[PDB]
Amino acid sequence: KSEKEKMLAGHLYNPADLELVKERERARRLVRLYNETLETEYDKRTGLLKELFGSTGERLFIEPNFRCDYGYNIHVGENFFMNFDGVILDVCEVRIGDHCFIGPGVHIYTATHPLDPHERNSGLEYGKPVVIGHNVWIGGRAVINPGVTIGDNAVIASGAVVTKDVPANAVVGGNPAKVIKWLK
């Protein structure tokens, strides 16, 4: 299989692969055009995001700066909002539900390395997809790690570092994040 096929499937892959490199340059190009848009260019922003992302709802809004790796692995639901200076390393799929509110400086990662140093120095990496449900609030400066599923109506406290699955209707905070409050 190609490096891109391995990447998308969650297997070890070489990022220096020519096809993957070109796709990263294309994401970076669209992100650069996005980050240069004036604060009143709403339609132009919407247009750029729908071209960047794999799929969207009717509307979405993101404050510059924004960063991502590929673009096409990000799928967001209706009425998506992400505040200033976010980063989504979408080596694998990032799938987000409807009515997501994401605060500023939020980082969502699918990209990872082997823990063993010889395995890591091979220069092979992989990814684990991230799934975020409907009606999720992600507090500012939270970090969502690869492989994490967040249930519907979950609240992520600001600054929380989420290393495991978050149950639906739960509030999590801390590092590593733990359930603090059950909503019902």
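The first residue of the shown sequence is 1; numbering continues from there.
Just going by the entry, 9-17 versus 156-164 on mean CA temperature factor gives the higher value to 9-17. Of the two segments, 119-127 and 141-149, the one listed with the higher mean B-factor is 119-127 (C-alpha atoms only). Sorting the modelled residues of the chain by their CA temperature factor places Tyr42 in the highest third. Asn83 sits in the lowest third of its chain by CA B factor, as recorded in the PDB entry. The deposited CA B-factor of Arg67 belongs to the lowest third of values across its chain.
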